[PDB]
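1. This one is an experimental structure. Sequence first:
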Amino acid sequence: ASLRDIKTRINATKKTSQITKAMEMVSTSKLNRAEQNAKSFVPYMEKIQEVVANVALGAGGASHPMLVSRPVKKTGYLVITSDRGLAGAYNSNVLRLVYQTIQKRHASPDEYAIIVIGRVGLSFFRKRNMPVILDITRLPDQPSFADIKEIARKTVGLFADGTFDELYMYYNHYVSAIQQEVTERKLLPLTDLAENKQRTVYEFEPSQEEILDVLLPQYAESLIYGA
Amino acid sequence: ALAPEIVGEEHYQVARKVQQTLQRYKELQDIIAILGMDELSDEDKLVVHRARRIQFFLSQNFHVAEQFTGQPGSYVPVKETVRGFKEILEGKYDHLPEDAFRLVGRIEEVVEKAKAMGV
Amino acid sequence: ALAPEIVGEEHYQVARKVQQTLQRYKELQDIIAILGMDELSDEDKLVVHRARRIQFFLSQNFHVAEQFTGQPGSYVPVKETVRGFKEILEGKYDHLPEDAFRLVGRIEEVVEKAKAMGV
Amino acid sequence: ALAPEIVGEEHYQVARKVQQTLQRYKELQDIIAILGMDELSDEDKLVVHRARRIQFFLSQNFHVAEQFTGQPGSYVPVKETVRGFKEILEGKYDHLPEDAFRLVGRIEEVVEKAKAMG
Amino acid sequence: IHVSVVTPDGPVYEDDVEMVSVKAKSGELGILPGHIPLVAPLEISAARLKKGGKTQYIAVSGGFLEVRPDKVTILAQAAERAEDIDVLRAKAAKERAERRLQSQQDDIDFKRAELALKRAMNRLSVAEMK
Amino acid sequence: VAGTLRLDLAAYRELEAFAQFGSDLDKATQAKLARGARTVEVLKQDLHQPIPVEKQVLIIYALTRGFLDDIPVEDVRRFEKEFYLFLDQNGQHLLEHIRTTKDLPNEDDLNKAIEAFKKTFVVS
Amino acid sequence: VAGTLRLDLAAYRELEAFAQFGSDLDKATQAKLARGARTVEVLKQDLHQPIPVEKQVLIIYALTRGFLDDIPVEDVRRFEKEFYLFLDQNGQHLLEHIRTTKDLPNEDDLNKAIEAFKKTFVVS
Ligand SMILES: Nc1ncnc2c1ncn2[C@@H]1O[C@H](COP(=O)(O)OP(=O)(O)OP(=O)(O)O)[C@@H](O)[C@H]1O
């Protein structure tokens, strides 16, 4: 009974298996390329860390909106999701963590704003009609700095203008090929910046205030790119 | 005998809702077997989340089976089981682990077993 | 009788193209059901979108079927059929709604039905 | 017949280890095809290097195949086969070329062909 | 002294040269081969390098310069060597940023349009100066 | 009123089976899905509750002419109950005309009665 | 000639699933896939048009030696027909040699003849 049914079912399952195998191989190759890009990026972040810590540390730190804690009335959240499904809990973990953090910290929509990277996050947030500010979708599978420079700079400018007082960012961290874990990081202000390898003697050729003015947005943009 | 005027309106409605959820869960099985939970819509996630618990709560520990497992077993009334299933359907126990619903009766035993497990 | 020397080279080409597009559509019906429409390539999305139009346009309103359809019925010549199918294959009517191609007759009726639907 | 009650504990251990190494090499085929021979850990490279030697040493030149190749062919005793496979497993001949392990019957013919090659 | 340029997309390298000539808001700026360490931001300009006999000139944008008696670095958002002028695309970029200035709140706003024009003109002109 | 209902319902079943495989849905597909869900809700019926054809035609007309497009899918049963109760008092001449001539009444009266019932109808 | 044809056709059959992406190595997803599509086109045939064995060998030789790698896939079936008539005008010594000795001609002679035809062929 249902012999034709079973045969058709078997054929469909075989074709599905082949398609999924091909997708797995493609994913492996693209993961290797992504690791290569991260390895390329690392030294720039290292040097930026060194310069930022050396300049900020000491009596010359003084005060700056991106450097010192403003009074907190609002909070910005930057969430990074994918554009294509079939990735497992990669989006669910981030979205659930962000939802629970928002529900614990705030009660009114005016207390927070959301910046979403990814097509998945848009639908999740607008299903509940949560606040949304700006978005970018359909990035290349191997993004470059030019693809997100504008959005990172716009977010930094929004922080500078006082649109919101503190900025948080959530993303999945690639600990290993089997496990990926979500993390929360604080971008602005640059609180709890640890010490450098050694205190510097860099003479502030322009005013160190102008040094900070130039340096801080680039630091935030680099952090966004690394995440 | 499963008629509204023979068992009562509340009993009839509870039974129909349970059967509907179980039917939907049975429909989802083929997709679950391949893509897992990760591709289901938000509503179907809740449907599975509740169907698992309802299915487990349908089990019971018999008096006769005491010679097989050593558990004393229990006897539950119709009103008690209807109230328990209505509470489960309303979503009052979505925070409990599914293993707490297994092989017990009277729903208070579900709560006690979850507490013993450490919830 | 489906030979180039009997029906015409253009007729044969249109028939073969329709058959191969429908065959290609038939193969995707299994993987689509559990991998979604998005995971297909851009060209395969196009062939699916055009094959739906072909399949829905292959239907016709019969004079006899007035009882079952509520419509008078239509009669269409081979030249109109082949020209319309060639246009659908070439994509001149990809914008029209999917539901507008069924039980129509000519592509003039297709576009009139789409216009009456508000497109 | 592949049980310690018949062939002996040494034979059984050698056979089991050879099969395990071959299965590991079979598993590594996908990653080898994707990322190439590189992008491999130490154990991956070592197991591939030993498994290729084992797989080639499984080959043998038959007396009948003389009509095809001209080689006389050989009758390899089971004792010699087991000893040679154990020696290859231990890694003694890790430096010999791959093609030296092909179609040469007993173990000493492998080193003889390697010496003839260089 | 050794000069290196680092870009987030990838480092762009150069060997040891005698002197480095750079422009900055500080004004007339020029490093020493054994200079005391300091920091100095850079605008959209070109960094002039001079090895013994042969000299090289590299474009830069969003630069942050650090110096040390051993190493000299340019934390560059974008840096292109002398041979990598890409004059024709930069020529289009000059026009591409030209209308954006004259367009009120264009698709890419003034916060890049202002910077694009000064970037495009340098990429068009300041290179190939060897 | 209902010559095309079976074909439309079969098409809706096929469309629900297909479009379940994707969230990016078109406006026409959304409208068809809503109409199909409402029709399926309408067709439900209890046990030993016969309904005269003069009321079946009215409810199916109200469904197919778009007067049910805004009621939530969970309220259609109560909507139909209230509609029958309201027809038992107002619009009795509509039932008389349908029963006598076996044809639809003037379409203006249908619209007026349906709107009058909808104004007093309240969403739960 | 036919020995290599079996390999390429099998590999294309083996790697059919990857035809959608085209996002991997040139060999893995471009070289084999492009060659396999060419092979399927050549093996096509019409009704009641038997081909002499001498002409079959040459056209398979052209594919297996990489002389069709620049022609678009849609243009392969037309390339075959014109190649046969070209042989009747300039490859008579080539066709005769295969007939008389049942062996492939000198590769240098046939390479120029194949290459010469590609010059007169116009891409569709
Ligand atoms: N003509 C060019 N000259 C130099 N670098 C270029 C050129 N075109 C692209 N690039 C490089 O491409 C990357 C992205 O360019 P960037 O973000 O600086 O903006 P842009 O090229 O001015 O943009 P637009 O596309 O608006 O012209 C940088 O690494 C930059 O060096």
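-> Perfect, thanks for sending it. Numbering: from 1, shown residues only, chains lettered A, B, ... in the order given.
2. burial count for residue A:103?
-> 9 (other Cβ atoms under 10 Å in any protein chain shown). (C-beta placed from N, C-alpha, C; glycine too.)
3. what about the strands in chain A?
-> Secondary structure of chain A (DSSP state E): strands located at A:76-80, A:113-117, A:135-136, A:167-173, A:181-186, A:203-204.
4. likewise chain B?
-> Applying DSSP E to chain B gives no strands.
5. And the residue of it closest to chain D?
-> residue B:34 (20.8 Å; Cβ to the nearest Cβ).
6. Make sure that residue is actually in contact with residue A:16.
-> Yes. Counting by Cβ atoms under 8 Å, residue B:34 does reach residue A:16; the two are 7.1 Å apart.
7. Identify the contacts common to these two.
-> Common neighbours of residue B:34 and residue A:16 (criterion: Cβ atoms under 8 Å, 6 or more residues apart in numbering or on different chains): residue C:34.
8. Neighbour count: these two, which is higher?
-> The residue with more neighbours, out of residue B:34 and residue A:16, is residue A:16; 17 against 13, by other Cβ under 10 Å.
9. Now for the closest residue in space to the more buried one that isn't next to it in sequence: which residues touch it?
-> Closest residue to residue A:16 apart from its sequence neighbours, by Cβ to Cβ, 6 or more residues apart in numbering or on different chains: residue C:31 at 5.6 Å. By Cβ under 8 Å, 6+ apart, the residues touching residue C:31 are A:12, A:15, A:16, A:19.
10. Stretch E:59-75 near chain A anywhere?
-> Yes. Using Cβ under 8 Å from any Cβ of the partner chain, stretch E:59-75 reaches chain A at E:62, E:64, E:66, E:73, E:75.
11. mind listing the helices for chain A?
-> Assigned by DSSP state H, the helices in chain A fall at A:3-56, A:90-105, A:119-127, A:145-160, A:208-226.
12. Tabulate the ones you listed (TSV), appending distance to residue E:58.
-> Output for those, formatted as TSV (distance: least, Cβ to Cβ, whole Å):
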stretch	distance to residue E:58
helix A:3-56	16
helix A:90-105	40
helix A:119-127	38
helix A:145-160	18
helix A:208-226	19
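13. Pick the most buried one from those.
-> Burial of the helices of chain A is given as mean neighbour count (mean count of other Cβ atoms under 10 Å in any protein chain shown); helix A:208-226 ranks first at a mean of 20.
14. these two touch, right, residue A:29 and residue G:24?
-> Yes. Counting by Cβ under 8 Å, residue A:29 does reach residue G:24; the two are 5.8 Å apart.
15. what does the domain assignment say about chain E?
-> According to curated CATH domains, chain E comprises the domains E:2-80, E:87-126.
16. for the first one, how far is the first residue from the last?
-> So that's domain E:2-80. Domain E:2-80 has its terminal residues 18 Å apart, counting by Cα to Cα, to the nearest Å.
17. How about it and the ligand, any contact?
-> Yes. Interface with the ligand: domain E:2-80 contributes E:9, E:61, E:78, E:80 (Cβ under 6 Å from any ligand atom).
18. Can you tell me the element the first one falls in?
-> If I follow you right, that is residue E:9. For residue E:9, there is no host helix or strand (DSSP states H and E).
19. Tell me who's in contact with it.
-> By Cβ under 8 Å, 6+ apart, the neighbours of residue E:9 are A:40, A:41, A:144, A:145.
20. quick one: the third one from residue G:61, how far?
-> The spacing between residue A:144 and residue G:61, counted by Cβ to Cβ, to the nearest Å, is 46 Å.
21. Tell me which of these two has more neighbours.
-> A direct count of neighbours by other Cβ under 10 Å for residue A:144 and residue G:61 places residue G:61 higher, at 20 against 15.
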